[PDB]
Amino acid sequence: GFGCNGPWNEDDXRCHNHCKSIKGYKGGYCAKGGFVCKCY
């Protein structure tokens, strides 16, 4: 996923910052297995 490329590399901060220039997302984090960039 976005930034979250697996449990060996969780870029919570490319995840938080794909979502966070897009109005609608205040942030995000690696949710599922370090692969899914879950944003809110």
# chains A, B, ... in the order shown; residues from 1 in each chain; ligands from 1
>>> residues_around(residues="region 28-37 of chain A", least_positions_apart="2", cutoff="6 Å", atoms="only C-alpha atoms", output="list in words")
residues 1, 2, 4, 5, 6, 7, 10, 12, 15, 16, 39 and 40 of chain A
>>> write_last_selection(atoms="C-alpha atoms", output="PDB file, in the first residue's frame")
ATOM      1  CA  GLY A   1       0.000   0.000   0.000  1.00  0.00           C
ATOM      2  CA  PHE A   2       0.890   3.680   0.217  1.00  0.00           C
ATOM      3  CA  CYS A   4       2.991   0.527   3.983  1.00  0.00           C
ATOM      4  CA  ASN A   5       5.046  -1.984   2.031  1.00  0.00           C
ATOM      5  CA  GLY A   6       4.891  -4.793   4.548  1.00  0.00           C
ATOM      6  CA  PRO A   7       5.896  -5.526   8.175  1.00  0.00           C
ATOM      7  CA  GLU A  10       5.786   0.487   7.338  1.00  0.00           C
ATOM      8  CA  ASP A  12       3.156   5.286   8.383  1.00  0.00           C
ATOM      9  CA  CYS A  15       0.890   6.768   4.225  1.00  0.00           C
ATOM     10  CA  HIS A  16      -0.139   9.637   6.511  1.00  0.00           C
ATOM     11  CA  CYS A  39      -6.600   6.749   6.321  1.00  0.00           C
ATOM     12  CA  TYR A  40      -9.298   8.759   8.050  1.00  0.00           C
TER      13      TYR A  40
END
>>> select_by_dssp(residues="chain A", states="strand (DSSP E)", output="compact mmCIF listing (two decimals) with C-alpha atoms, in the first residue's frame")
# COMPACT_ATOMS: atom_id res chain seq x y z
CA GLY A 28 -3.48 7.54 8.13
CA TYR A 29 -1.50 4.54 9.35
CA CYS A 30 -0.47 1.02 8.40
CA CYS A 37 -2.56 2.39 4.37
CA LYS A 38 -5.69 3.09 6.40
CA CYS A 39 -6.60 6.75 6.32
>>> select_by_dssp(residues="chain A", states="helix (DSSP H, G or I)", output="MDAnalysis selection string")
chainID A and resid 12:19
>>> write_last_selection(atoms="C-alpha atoms", output="JSON list (two decimals), in the first residue's frame")
[["chain", "number", "residue", "atom", "x", "y", "z"],
["A", 12, "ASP", "CA", 3.16, 5.29, 8.38],
["A", 13, "UNK", "CA", 4.58, 8.73, 7.87],
["A", 14, "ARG", "CA", 4.26, 8.17, 3.11],
["A", 15, "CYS", "CA", 0.89, 6.77, 4.23],
["A", 16, "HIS", "CA", -0.14, 9.64, 6.51],
["A", 17, "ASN", "CA", 1.51, 12.12, 4.21],
["A", 18, "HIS", "CA", -0.40, 10.30, 0.44],
["A", 19, "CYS", "CA", -3.60, 10.92, 2.36]]
